[PDB]
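Hydrogens, waters and symmetry mates are skipped; everything else that's a heavy atom, side chains included, is used. By convention in this document, chain letters (A, B, ...) are assigned in the order of the sequence lines, proteins followed by strands, and residues within each chain are numbered from 1. Atoms within each ligand, like the ligands themselves, are counted from 1 in listed order.
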Amino acid sequence: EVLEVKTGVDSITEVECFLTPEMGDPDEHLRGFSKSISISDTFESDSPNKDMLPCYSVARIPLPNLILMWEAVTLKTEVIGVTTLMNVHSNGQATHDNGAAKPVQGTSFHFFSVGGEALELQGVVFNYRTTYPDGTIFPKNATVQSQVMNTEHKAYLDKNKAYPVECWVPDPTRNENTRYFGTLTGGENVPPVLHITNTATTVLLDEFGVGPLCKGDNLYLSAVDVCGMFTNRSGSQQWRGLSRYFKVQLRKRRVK
Amino acid sequence: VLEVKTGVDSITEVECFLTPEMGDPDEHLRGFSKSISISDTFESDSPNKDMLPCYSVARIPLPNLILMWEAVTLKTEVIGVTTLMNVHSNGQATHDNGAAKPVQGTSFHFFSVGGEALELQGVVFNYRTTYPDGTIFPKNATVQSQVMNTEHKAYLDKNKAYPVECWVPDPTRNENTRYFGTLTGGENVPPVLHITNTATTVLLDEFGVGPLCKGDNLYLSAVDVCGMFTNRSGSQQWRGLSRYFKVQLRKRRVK
Amino acid sequence: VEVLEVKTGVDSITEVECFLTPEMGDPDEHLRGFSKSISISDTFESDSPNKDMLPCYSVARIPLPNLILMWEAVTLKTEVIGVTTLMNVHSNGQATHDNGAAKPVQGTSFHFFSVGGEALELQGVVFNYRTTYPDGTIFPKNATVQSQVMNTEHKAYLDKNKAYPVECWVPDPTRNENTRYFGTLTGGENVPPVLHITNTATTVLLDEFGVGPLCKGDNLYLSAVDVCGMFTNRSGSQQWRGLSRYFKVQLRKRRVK
Amino acid sequence: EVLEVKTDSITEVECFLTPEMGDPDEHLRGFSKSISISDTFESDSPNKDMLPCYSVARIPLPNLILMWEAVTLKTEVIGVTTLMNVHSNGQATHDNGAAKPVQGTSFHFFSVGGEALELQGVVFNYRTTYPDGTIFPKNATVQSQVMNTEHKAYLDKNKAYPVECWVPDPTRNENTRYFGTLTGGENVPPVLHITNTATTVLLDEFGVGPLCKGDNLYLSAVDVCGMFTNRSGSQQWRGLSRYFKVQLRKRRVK
Amino acid sequence: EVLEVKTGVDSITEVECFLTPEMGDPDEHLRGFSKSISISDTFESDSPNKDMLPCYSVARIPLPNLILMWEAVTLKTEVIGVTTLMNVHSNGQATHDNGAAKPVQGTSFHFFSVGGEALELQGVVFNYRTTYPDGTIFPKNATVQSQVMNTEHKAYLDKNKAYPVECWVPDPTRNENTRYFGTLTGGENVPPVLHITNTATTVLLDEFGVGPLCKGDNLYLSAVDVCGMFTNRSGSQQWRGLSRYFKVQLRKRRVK
Ligand SMILES: CC(=O)N[C@H]1[C@H]([C@H](O)[C@H](O)CO)O[C@@](O)(C(=O)O)C[C@@H]1O
Ligand SMILES: CC(=O)N[C@H]1[C@H]([C@H](O)[C@H](O)CO)O[C@@](O)(C(=O)O)C[C@@H]1O
Ligand SMILES: CC(=O)N[C@H]1[C@H]([C@H](O)[C@H](O)CO)O[C@@](O)(C(=O)O)C[C@@H]1O
Ligand SMILES: [K+]
Ligand SMILES: [K+]
Ligand SMILES: [K+]
Ligand SMILES: [K+]
Ligand SMILES: [K+]
Ligand SMILES: [K+]
């Protein structure tokens, strides 16, 4: 039972943080990148290394200790460091003779969510015979049905650097206490289009004027910002990701 | 069509997912078509069944009820969009040492909510195409069938039977259904798939009346051909994904 | 026409529902919806396209119930019919690469429709004034080099089906007071078709003063072009492909003085 | 001081402006000369018939203190479907294919004002020598490649001001409304919408449209649709005419 | 605390100017261009020449001396010289035999801000081993974490032609007293799309009806307009920038 909002000086707070991307980090110099992508020799033998798999990011933010619950009302969010994609002068492959290096481009996924509990995930796999690596949490006992929808694959985004992007999505049958937004833009040559502004606000209230209600006084933020692939001189490609800023305004809400 | 009932018991909701029906050429390839082959002449076009994506449909029974369930709102979403980030599974490298070419090219994204079966009109790219045993296709195709032959009328009344390429929603009918679709062509067309649990489509017409569910049945239909997967060899297969539906319904009295 | 009040009553409304088939050239008895394959002249002076190679405007004059009262067109629902046919990539087209599917229909499109109370009015404009348009078409007569940009002599009525080639006529913006027209040319040879369908969208046909097209002689004029792109054969030869268009129009009786 | 609107009180301007693309010979109205490339910045010296220019018409209004105030505009590019001629000495896209359609860099621009469009000069390359019979930035310096405030002009002559070295001056033009889109890239496809159902309101944030000094309305346009490539591969700009219809009303001023 | 707006003919003022782009200016004939872009063999050896790095533009505009503050309320802005990109006859590379020159295209960054103090910057680098050149102001003591987010890299955009675009962005964790807008459009061949009009106004008021308040009676304007790359006959590529016009309206506001 959701009752009234509490007012007065004491009754609002705000959360401000950033989530780093988790692209795989194949060595000590390559934070924000994946390992270069290799292609299996057969469909059955698909078997990606952990460092080659971008994962969902998540942070659990503790809120001032409070029945009253913190209610998330608005979000401002922004991808951090968009201009880094203008470095086309290192380690790259020329577009044509004497040209600059091919920039980061191709498949992107940009995703973020704000909830009063962990994001709920449904497992779907491109190829059910893919062997996901040790160190990742992935759909277990995958069958051919898992290539389209196997309802056995439920999980919570409850751990950072763990849930690979390619085999999990937000579960649309759950997540009543979360708001989520994502865009997959495919193709090998698609250009990144990245907007920044400190003037845009998303309102998190549902159809009844109620935002996510924070259980245990924790706010859950989740994100993926795979911007595309970087291409080395050899032609090998590595995913590149960026950090995401969150600012969330919250108010106290009485419940029963 | 009279008034809406109110009160605790007067609303219900349907929540489900429709699986895609892309052809399923073997026991490992659910969600995929058979690789596509090209006829040697225009006249000799003869696609195999496993190579033809078909419309999906589910009839959802509603609480037994003159009142009729009226579909009012819809939330819908393509499920498993991130699978298209698998570019390491024996695809064809974009260039020497590159990652695999992702799923791309021609897509059809379509969904409908009705109080009866979606009504279909048959149109063919090529009237001499021999559609295969086990599909339901425009019968007695003439050259006029390439643009409009009003004989080709059907109901989307069976799963994995109606090929996407030779049927569309009949604009001359479907008064009790709401449909939406986008065909995006070209072989290099990039998929653009959005997800969110914050978007609702209102199903009410210009008089504030939604689809009215005959016999207490809700009809959901879909196609989500996302593009084609290219194998190492160059062969291509349609790839489809599931669609989530959530529909809100209220009891409406009628005479 | 001084326009006066709308008439009411069960008797006072009617609707028109039909489809216009595309007129792409139809080069033989198996190729309804296609043009002849396209060939290119070696000079501007030798441009002489065959009729079967030229897409034309579609038109239908629809008789309305006989009636001073006039039928006033108020709303339109319209839809391109058969959009999913473009998923046929297995019918002797040209493989995009070794072992791949056939290149789908793509490239230059023109999607156009109008609703009016009289024939659509046309202005002739030509890419190349020395193009000789063929017998059996209606085209800009006495073309001069000024016809490549604007020659006010080239006025016509879309008063005949499969006759007015798309490429040399457009709706005349200096006229057409009693018609509503809408069109998009999307160029480029690799341009992907984007075709939306739905039965929930309505276009209101009333002007800034709340008046829609008034049907002279109790006729409603519907016009369309839906050139979807080009189909590429295995040989590399290319043919325009078109699709039919559905129209549903609501009309009401309007008194005029 | 702008005062009340009069309520005889309205008039309408209807016309078209032809494109001015270069017109290299008597058969190529609407096209430019084929484009050639200087081998150095210093040697850039385009011929006039290779340079699209701004189009302008000064339209005299009924003699009238009252001024004509421009309130609404309807506008359209004329002949959009000519771009479907892919059978006329173009270059096949591939063996046995149709000709490459017009595509690549486009500039679509129109303005309505109560005086000549005010122009600022900016040049890609300050060492470009602009030809006789054109009006161009004079005394160009390297600063002219980004902003040289010396280059002020009025769009006061047709077939004269090259598109490439002039833009509307955003520091002036209070008495004009202008709108333009430059869509670059060599392969970019043209997207041309036509309809007779769209109106643009010309009033500013205070409810005042352009006021016609000396009872003249100034219409300006550029519609470079792209480049046509012929069978040899050479490329030439292709432009189209623009329709304007403008509603005006009489306004008293002090 | 923000109190009432002043009224009267004397209560408003306006600022009108342009910011020139700062692309590198490799010689006396190439204002508005960078130096040719080259590609270092490794991240380790990445060492961009100063003339090769586009920088942020900034101007500090003094306002009429004024407790009252000037409050920025509206902005009109425009890229100046968009039609220059139609010069495809000047020292370029023909797209195909006998064709015109390939126009300016590829990665673009269009950005502008209006504030009552210097734009606040956060350093993010594509590659932490990039050696930024003498004469630039850049993230100091970069580590591998600087490739995603390192909170030590805080700066003010307080100097023209000094802060490279590629290693700095607006700090979303600050800039309360500034409004900023930017778009990074990536890709090797992405076409420029440039709109111009004198009929569009951006409102600078925040959600409480308050615009940027000008400390010390100074308005801060910042911009980047990297339009793409110019490809010369050899195929070497240079960034090309254009100037940006600003018109800002301000009003007097009382504060305590
Ligand atoms: C940015 C970078 O470090 N590139 C290097 C990559 C990556 O380190 C690995 O691909 C990580 O998986 O390795 C190479 O052998 C290669 O693939 O060509 C050399 C190249 O310079
Ligand atoms: C995803 C998958 O199964 N791919 C395999 C395909 C398909 O099974 C068939 O094409 C179905 O028609 O078959 C191959 O022989 C091929 O065409 O190259 C091997 C390839 O790895
Ligand atoms: C759809 C179709 O019929 N395609 C066929 C075309 C057309 O009939 C003509 O081009 C009409 O002009 O004719 C061919 O000889 C060709 O050009 O390659 C064979 C091709 O399969
Ligand atoms: K495996
Ligand atoms: K057959
Ligand atoms: K001829
Ligand atoms: K010169
Ligand atoms: K000014
Ligand atoms: K270094």
Side-chain angles (χ1 to χ4, degrees), chain A residues 29 39-46 87 89-91 125-130 144 147, chain B residues 22-38 47-53 83 86-93 100 103 228-240, chain C residues 90 95 97-101, chain D residues 118 120 149 152 168-173 175-176 178 204, chain E residues 13-18 38-49 74-78 80 125-134 136 138-139 142 144 146 167 198 201 245-249:
Chain A
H29 308 290
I39 308 173
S40 65
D41 298 322
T42 68
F43 203 72
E44 184 278 326
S45 64
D46 189 31
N87 185 339
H89 49 79
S90 196
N91 219 121
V125 295
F126 188 70
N127 170 6
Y128 86 97
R129 294 166 293 165
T130 295
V144 74
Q147 285 172 182
Chain B
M22 298 295 100
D24 301 353
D26 72 19
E27 75 259 46
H28 304 305
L29 287 166
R30 189 97 171 98
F32 290 85
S33 82
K34 191 159 156 55
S35 56
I36 299 153
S37 52
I38 305 163
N48 286 346
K49 174 171 174 141
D50 284 349
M51 206 185 88
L52 295 170
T83 59
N86 185 331
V87 290
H88 44 78
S89 188
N90 202 39
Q92 181 177 71
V103 168
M228 285 175 191
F229 176 64
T230 303
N231 295 295
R232 176 185 296 276
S233 67
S235 68
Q236 304 183 286
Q237 302 174 248
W238 299 111
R239 180 57 153 111
Chain C
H90 47 75
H97 60 267
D98 286 359
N99 308 314
Chain D
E118 293 165 291
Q120 166 69 55
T149 59
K152 302 301 189 174
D169 185 349
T171 65
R172 303 180 182 187
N173 283 302
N175 200 29
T176 289
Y178 69 80
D204 68 7
Chain E
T13 196
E14 81 174 30
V15 163
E16 199 170 20
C17 60
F18 59 88
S38 49
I39 304 166
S40 66
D41 293 347
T42 61
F43 277 172
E44 167 51 31
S45 73
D46 191 27
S47 201
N49 191 297
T74 68
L75 167 69
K76 296 191 157 182
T77 188
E78 181 142 302
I80 310 179
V125 294
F126 192 73
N127 157 40
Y128 85 100
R129 291 171 286 169
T130 292
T131 303
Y132 284 101
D134 195 17
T136 61
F138 53 81
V144 78
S146 308
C167 59
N198 65 345
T201 305
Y245 168 80
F246 290 77
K247 183 185 156 194
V248 183
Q249 287 168 326

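To the nearest 0.5 Å, atoms CG (B:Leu52) and CH2 (B:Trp238) are separated by 10.0 Å. Note that the CG atom of E:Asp41 and the CG atom of A:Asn91 stand 8.5 Å from one another [nearest 0.5 Å]. Between B:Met228 atom CE and B:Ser33 atom OG the span is 7.5 Å, to the nearest 0.5 Å. Rounding to the nearest 0.5 Å gives a distance of 14.5 Å between CZ of E:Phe126 and OG of E:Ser146. D:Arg172 contributes atom CZ, which lies 8.5 Å from atom CD of D:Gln120 (distance to the nearest 0.5 angstrom).
At a heavy-atom cutoff of 4.0 Å, ligand 2 is surrounded by A:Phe43, B:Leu29, B:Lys34, B:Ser35, B:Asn90, B:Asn231, B:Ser233, B:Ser235, B:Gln237.
When the salt bridge (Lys or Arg N to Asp or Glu O under 4.0 Å) test is applied to A:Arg129, no partner is found at least two apart in sequence or on another chain. Shown here are the salt bridge (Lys or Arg N to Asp or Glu O under 4.0 Å) partners of B:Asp26, two or more places apart in sequence or in another chain: there are none.
The aromatic rings of E:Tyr128 and A:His29 lie parallel to each other, with less than 30° between the two planes, well short of the 60° mark.
Minimum heavy-atom separation, D:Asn173 to E:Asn198: O-ND2, 3.1 Å.
For E:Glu16, the N, O or S atom with the smallest separation from the K ion (ligand 8) is OE2.
The K ion (ligand 8) lies under 3.4 Å from an N, O or S atom belonging to D:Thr171.
With hydrogens and angles disregarded, a donor-acceptor distance shorter than 3.5 Å links the side chain of E:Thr77 to the backbone of E:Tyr245.
Counting only distances under 3.4 Å, and ignoring water, the protein N, O or S atoms around the K ion (ligand 9) are E:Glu44 O, E:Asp46 O, E:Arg129 O, E:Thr131 OG1.
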